[PDB]
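Presented below, as structure tokens, is a lone chain in the form deposited in one PDB entry.
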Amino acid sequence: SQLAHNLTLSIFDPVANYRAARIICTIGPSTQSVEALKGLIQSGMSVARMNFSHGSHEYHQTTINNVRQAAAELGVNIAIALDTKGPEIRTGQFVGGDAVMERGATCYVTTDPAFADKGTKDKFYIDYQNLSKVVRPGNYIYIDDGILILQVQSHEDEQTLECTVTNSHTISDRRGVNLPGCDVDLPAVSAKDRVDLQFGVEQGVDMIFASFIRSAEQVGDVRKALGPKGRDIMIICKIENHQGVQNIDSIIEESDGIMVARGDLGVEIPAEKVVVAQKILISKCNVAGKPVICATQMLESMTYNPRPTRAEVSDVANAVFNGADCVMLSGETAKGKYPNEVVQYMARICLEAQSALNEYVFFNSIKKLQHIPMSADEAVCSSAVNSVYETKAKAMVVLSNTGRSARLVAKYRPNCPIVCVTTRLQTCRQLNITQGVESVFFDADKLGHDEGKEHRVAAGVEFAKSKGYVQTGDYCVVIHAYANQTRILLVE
């Protein structure tokens, strides 16, 4: 009924008084300082992503410290995400630093280490040791962000494949390689990830964006890598090839959330198919009640120009229409010229798309898929959201300690803000990747367990009033405990 809803809109009408979608910003040279982080917060950042593909621990420690200091000064809670380098397949080095590959030529790719330092156009190293048992004649090998394509012809021997060069491209040392038709069986985490995951645990990071996740079992290996002290850290799986797409259900089941990495998927999969995989993965997460992030190539052209292209604008709005909880900036904020303006524009686009989006369609499609009998939690949250639509309540207040009930309510897509009142700061930070929720910390050790829930409910209603969401005479729907209890409150 989005179609029926479009009929009634006018683009000269006011936008909503709140933005539900959440903006993740990658921190780098343009943005690491406390003042630049403050600008990013004020522009609309909810999450600071650290790309551990680059920078040492010391560099990321400065990110960590500066985010906390910026957030403390503005009086907000900002989530910190550790995005891992992950396992990789790269070529070796070449004699003269470079290899000119020509359409029609035959070359040999080998996994023998002796060729690591001495590659040429005719024969060169690929560091993936299982390369030969996982490829068949006919498969393609992509190298250099998929620009050079080789076709496998035969096994020259146990370690060496004879390949045709399908297209001309010059490659330099240590380029990335992809196998679009094969199951890559590299481990879940690299040796470097293990070191980086431990550091992320020691430094209190909120979530991991775990690279190259291919199967459900690898999620548990990331979890083991985080150790017992890391058990509350969220694992968001980055879906980057066909195996991740194919195994999405069981991956979603084990993960705490999903990243749709469109540019990585796009190396292996036609761009038109990635548009469609983005729709599927996002709807499956919406149905699982798990946050989903739309990432890479979002307003890329605004890295160096003051304005993005019109197609990039439609990409960002369409991620919100698809159902994304979050939209993500990489080089635009890490190294770009206009970090503040890009985040501000991203927020505006999201806000505009949300004003057009019919939330009732998400609520109703999601509710119709529940199997009866529902459990108590599910019944209470979907009813509570139903009660919002039925009374036209203007806010929800959900008391949640771990954040579970807040995410379960957000899953059902009310058409008003959700204020989560929690007794854990780390819940305030982790809910920054859930659309449509804002969190209020209630310090139980300072103020009391509030067993009767009245102080926490008042803290929620007060926050909603300070934002203009509710006034005297409006309804607010309250949920508390996971969450088996609801009230419809008349606001004073």
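Quick note: we count residues from 1 along the sequence shown, nothing fancier.
Worksheet item: Is it true that at least a third of the other compared entries have no coordinates for residue 469?
Response: Other entries vs residue 469: none skip it.
Worksheet entry | Missing-residue flag, residue 482, threshold a third of other entries | Per the records, residue 482 goes unmodelled in at least a third of the other entries.
Worksheet entry | Missing from the model but present in the deposited sequence, between residue 481 and residue 482 | Going from residue 481 to residue 482, the model skips 4 to 9 residues of the deposited sequence.
Discussion item. Test of understanding: from the entry's C-alpha B-factors, which stretch has the higher mean, 399-407 or 332-340?
Written reply: Taking the mean C-alpha B-factor of 399-407 and of 332-340, the larger value falls to 332-340.
Discussion item. Using only C-alpha atoms and the B-factors in the entry, which stretch averages higher, 217-225 or 269-277?
Written reply: In the deposited entry, the stretch with the higher C-alpha B-factor mean is 217-225.
Item to complete: Quick one: which of 148, 252, 327, 353 shows the highest Cα temperature factor in the PDB entry?
Response: Highest CA B-factor of the listed options: 148.
Worksheet entry | Criterion, highest CA B-factor; candidates, 289, 263, 414, 138 | Answer, based on the entry's C-alpha B-factors: 138.
Fill in: Cα B factor band for residue 9 (lowest, middle or highest third within the chain)
Middle third by C-alpha B-factor.
Fill in: Third of the chain, ranked by Cα B-factor, where residue 58 sits
For residue 58, whose C-alpha B-factor we compare with every modelled residue in the chain, the answer is the highest third.
Discussion item. Split into thirds by Cα B-factor across the chain's modelled residues, where does residue 204 land: lowest, middle or highest?
Written reply: It belongs to the middle third of the chain when residues are ordered by C-alpha B-factor.
Worksheet item: Relative to the other modelled residues in the chain, which third contains the C-alpha temperature factor of residue 465: lowest, middle or highest?
Response: It falls in the middle third of the chain.
Discussion item. Is residue 75 in the lowest, middle or highest third of its chain when residues are ranked by C-alpha B-factor?
Written reply: Its C-alpha B-factor, which the entry lists for residue 75, ranks in the middle third among residues of this chain.
Another form, the form solved in complex with a small molecule, is not on view; read the next lines as being about it.
Discussion item. Just to confirm the contact call: exactly one of 64-72, 46-54, 462-470, 433-441 touches the small molecule in the deposited complex at a 4.5 Å heavy atom cutoff, so which is it?
Written reply: Every other range fails; the passing one is 46-54.
Discussion item. Since the partner isn't included here, can you check whether the small molecule sits close to all of 27, 240 and 330 in the deposited complex (heavy atom within 4.5 Å for each)?
Written reply: Yes, the whole candidate spot contacts the small molecule.
Worksheet item: Are any of the heavy atoms in residue 264 no more than 4.5 Å from a heavy atom of the small molecule in the deposited complex?
Response: Heavy-atom contact with the small molecule at 4.5 Å: present for residue 264.
Discussion item. Is it the case that residue 90, even though its partner is missing from this view, gets within 4.5 Å of the small molecule in the deposited complex, heavy atoms only?
Written reply: It does: once the small molecule is placed as it appears in the deposited complex, residue 90 has a heavy atom within 4.5 Å of it.
Worksheet item: Does at least one non-hydrogen atom of residue 290 fall within 4.5 angstroms of the small molecule in the deposited complex?
Response: So residue 290 does not count as contacting the small molecule.
Worksheet item: in the deposited complex, does residue 145 have a heavy atom within 4.5 Å of the small molecule?
Response: Yes, contact at 4.5 Å.
Practice prompt. Just give me the single entry in 394, 175, 214, 121 that has a non-hydrogen atom within 4.5 angstroms of the small molecule in the deposited complex.
Written response: None of the other options qualify; the answer is 175.
Worksheet item: Pick from 83, 325, 206, 193: which has a non-hydrogen atom within 4.5 Å of the small molecule in the deposited complex?
Response: By the 4.5 Å heavy-atom cutoff, the listed residue in contact is 83.
Fill in: Hinge residue among 279, 86, 426, 165 (rigid parts rotating between this form and the one not shown)
Of all listed residues, the hinge one is 86.
Worksheet item: Knowing the Cα distance between residue 133 and residue 247 changes 3 Å or more in the deposited complex, does it shrink or grow relative to here?
Response: Here the pair is closer than in the deposited complex; there, farther apart.
Worksheet item: Which is it in the deposited complex for the CA atoms of residue 303 and residue 145, closer or farther than here, knowing they shift by 3 Å or more?
Response: Note: Cα gap between residue 303 and residue 145 shrinks in the deposited complex.
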